[PDB]
Amino acid sequence: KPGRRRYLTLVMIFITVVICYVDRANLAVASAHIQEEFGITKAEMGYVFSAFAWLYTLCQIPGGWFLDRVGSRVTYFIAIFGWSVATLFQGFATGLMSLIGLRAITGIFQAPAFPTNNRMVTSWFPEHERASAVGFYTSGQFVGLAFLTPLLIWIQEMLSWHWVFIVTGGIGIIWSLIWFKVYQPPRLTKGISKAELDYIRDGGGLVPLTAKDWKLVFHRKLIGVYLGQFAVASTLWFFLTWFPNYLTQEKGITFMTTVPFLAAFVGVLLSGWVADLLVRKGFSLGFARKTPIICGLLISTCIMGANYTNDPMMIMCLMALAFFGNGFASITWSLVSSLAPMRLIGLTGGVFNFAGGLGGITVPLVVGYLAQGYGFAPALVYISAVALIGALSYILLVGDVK
Ligand SMILES: O=C(O)[C@H](O)[C@@H](O)[C@@H](O)[C@H](O)CO
Numbered sequence: 005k006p007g008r009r010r011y012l013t014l015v016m017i018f019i020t021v022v023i024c025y026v027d028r029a030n031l032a033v034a035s036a037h038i039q040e041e042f043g044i045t046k047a048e049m050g051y052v053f054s055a056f057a058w059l060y061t062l063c064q065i066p067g068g069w070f071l072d073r074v075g076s077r078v079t080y081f082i083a084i085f086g087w088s089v090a091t092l093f094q095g096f097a098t099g100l101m102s103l104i105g106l107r108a109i110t111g112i113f114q115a116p117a118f119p120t121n122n123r124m125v126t127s128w129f130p131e132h133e134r135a136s137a138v139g140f141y142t143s144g145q146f147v148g149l150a151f152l153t154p155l156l157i158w159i160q161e162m163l164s165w166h167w168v169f170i171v172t173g174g175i176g177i178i179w180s181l182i183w184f185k186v187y188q189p190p191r192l193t194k195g196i197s198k199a200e201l202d203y204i205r206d207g208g209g210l211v212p213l214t215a216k217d218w219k220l221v222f223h224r225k226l227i228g229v230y231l232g233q234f235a236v237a238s239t240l241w242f243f244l245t246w247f248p249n250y251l252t253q254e255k256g257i258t259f260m261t262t263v264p265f266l267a268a269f270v271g272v273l274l275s276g277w278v279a280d281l282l283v284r285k286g287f288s289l290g291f292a293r294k295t296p297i298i299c300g301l302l303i304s305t306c307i308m309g310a311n312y313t314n315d316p317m318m319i320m321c322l323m324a325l326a327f328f329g330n331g332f333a334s335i336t337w338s339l340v341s342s343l344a345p346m347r348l349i350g351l352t353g354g355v356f357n358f359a360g361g362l363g364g365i366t367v368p369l370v371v372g373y374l375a376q377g378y379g380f381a382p383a384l385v386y387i388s389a390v391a392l393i394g395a396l397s398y399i400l401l402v403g404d405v406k
């Protein structure tokens, strides 16, 4: 009865966020064959992984500027059709230099995925259901990064390894042109409902660099929010890049690739829904999403307790609970669109994950730096410290709705 096509764009985004995260972990799937063919060393492989991580964060502040400058639609086509071509060409790469360069190119076009979807969902879902929308396409990340990894392995072992980059890259190419022709602003869309467009707008859904603005974006209210995701997105990047299973593996654990990614799946899902229901009630817009972020980041510190047993106990349960707190508090960016000024929606989205994605580059490096000289115990307290620092820095500098 009410507007129904508004969620169509949400599904297309969910599809995009899935495809975007498949091209993130497709390299890890083939990482057991890429080293052997080119004769690459373990250290050199790190360049291939790092190539995507670095440019992904560095190419957000240009993307944030590129998003507002060029628009919200064409940017995603250039993005989807951008990285999808790089990934496709990676299947025909000759030498690690071709892989490092292409993975760099892949990170460039895939960087403006976070700010572009945010404005896209904010121009279509700036209401109470933005958290349910934010908690919807984020689940596709945990699903798209994992639930498709077995299918890649199936295509990897039976057929050649190149098809993993042709499938993931080829699907993205088709999806860009598909998405390019179907999605468009609400008024300019073919079928617009008289009630939906007003329904979308009643919540706030609408279609050079200044020195002053340059210093204002780095404000206390946004700074405390920037630091918040530095502790949220980081925990997800261990699983993406550096450390699924590396050193000291006999007395680390013993199935591990699906447990935390479900707890976060429903974690982001219900958390986006809990904040969604709370906000429509007599609670503030920030407090409805702030609350599940604080306790979540507090739940994220639950992993510190896994070392008290050192015995084949139910660590996996509290492991999923600790990862549930990150997912439950994974809608930390659902409010960045609100606090950010109307003029600079793209830049804030970049500088935002520029702290979160950076967390995916520095936090994994810290956990590794102490595991050789010390062990895993200082790594669990650090993740809890970053989560506590994330929570602590949030509750103090949250500053509600600026
Ligand atoms: O790519 C992205 O959207 C960001 O990394 C981040 O928003 C996601 O990883 C998730 O929402 C939080 O970890």
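Under this note's numbering, residues 5 to 406 are what the sequence shown spells out, in order.
The beta carbon of each residue, even a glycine, is placed where N, CA and C say it ideally should be.
Exercise. CA-CA distance, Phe113 and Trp337?
Worked result: Distance between the alpha carbons of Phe113 and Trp337: 20 Å.
Exercise. Beta carbon of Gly361: closer than 7 Å to some heavy atom of ligand 2?
Worked result: Ligand 2 is absent from the structure shown, which contains only ligand 1.
For this session: Please check the pair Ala268 and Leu384, which I expect to be a contact at CB under 8 Å, by giving their CB distance rounded to whole angstroms.
Result: That belief does not hold up - the Cβ atoms of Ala268 and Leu384 are roughly 18 Å apart, past 8 Å.
Exercise. Which residue from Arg10, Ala359 and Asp72 puts its Cα closest to that of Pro212?
Worked result: Comparing Cα-Cα distances from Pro212 to each of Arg10, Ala359 and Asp72, the minimum goes to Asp72.
Problem set entry | Cα-Cα separation between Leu181 and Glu200, rounded to whole angstroms | Straight-line measurement puts the Cα of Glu200 at about 26 Å from the Cα of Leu181.
Exercise. Looking at C-alpha atoms only, which residue of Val263, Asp217 and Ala391 is the closest neighbour of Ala235?
Worked result: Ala391 is the residue among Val263, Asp217 and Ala391 whose C-alpha sits nearest the C-alpha of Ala235.
Problem set entry | Helix, strand or coil at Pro189 [DSSP, three-state] | coil
Exercise. Under 8 Å, do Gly271 and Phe328 count as touching if we go by C-beta distance?
Worked result: yes
Exercise. Short check: CB of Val402 to CB of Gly228, under 8 Å?
Worked result: yes
Problem set entry | Beta-carbon gap between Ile335 and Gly276 smaller than 8 Å | yes
Exercise. With a CB to CB cut of under 6 Å and the five nearest residues on each side skipped, what residues in its chain are close to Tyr373?
Worked result: none
Exercise. Cβ of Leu240 within 7 Å of any heavy atom in ligand 1?
Worked result: yes
For this session: Compute the Euclidean distance between the alpha carbons of residue 4 and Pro316, then round it to the nearest angstrom.
Result: A question about residue 4 goes unanswered here, because the residues of the chain that appear run from 5 up to 406.
For this session: Thinking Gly67 and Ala115 are a contact (beta carbons under 8 Å), I'd like their distance in whole angstroms, please.
Result: 5 Å
Problem set entry | Cα-Cα separation, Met318 to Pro264 | 14 Å
Exercise. Using a Cβ-Cβ cut-off of 7 Å (strictly less than) and excluding sequence neighbours within five positions of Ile84, which residues of its own chain qualify?
Worked result: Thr20, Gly176, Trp179, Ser180 and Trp183
For this session: Determine, using beta carbons only, whether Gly394 and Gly232 come nearer to each other than 8 Å.
Result: yes
Problem set entry | Range of the contiguous alpha helix (DSSP H) that encloses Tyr11 | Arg10 to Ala34
For this session: Would you please state the rounded distance, in angstroms, between the beta carbons of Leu325 and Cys306? I believe it to be under 8 Å.
Result: 5 Å
For this session: Would you mind listing the alpha helix (DSSP H) stretches within the region 254-308 that are 4+ residues and don't spill past its ends, in chain order?
Result: 263-284 and 289-304
Exercise. Taking only beta-carbon atoms, is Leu351 less than 8 Å away from chain C?
Worked result: Among the protein chains of the structure shown there is no chain C, as only one such chain exists.
Exercise. For ligand 1, any of its heavy atoms closer than 7 Å to the Cβ of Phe118?
Worked result: For ligand 1, at least one heavy atom lies less than 7 Å from the Cβ of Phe118.
Exercise. Is there at least one non-hydrogen atom of ligand 1 closer than 7 Å to the beta-carbon of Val15?
Worked result: no
For this session: Could you pull out every residue in the same chain whose Cβ sits closer than 7 Å to the Cβ of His132, ignoring the five residues on either side in sequence?
Result: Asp280, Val283 and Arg284
Exercise. Is it the case that the CB of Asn357 approaches a heavy atom of ligand 1 more closely than 7 Å?
Worked result: yes
For this session: Helix, strand or coil for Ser338, going by three-state DSSP, please let me know.
Result: coil
For this session: Compute the minimum distance between the beta carbon of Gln145 and the heavy atoms of ligand 1, and state whether it is under 7 Å.
Result: yes
For this session: Give me the Cβ distance between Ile297 and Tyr398, rounded to the nearest whole Å; I'm assuming they're in contact under 8 Å.
Result: 6 Å
Exercise. Do the region 5-20 and the region 183-199 meet, that is, are 3 or more Cβ pairs less than 8 Å apart?
Worked result: Touching, yes, given that three or more Cβ pairs across the two stretches are closer than 8 Å.
For this session: Assign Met317 to one of three DSSP states: helix, strand, or coil.
Result: coil
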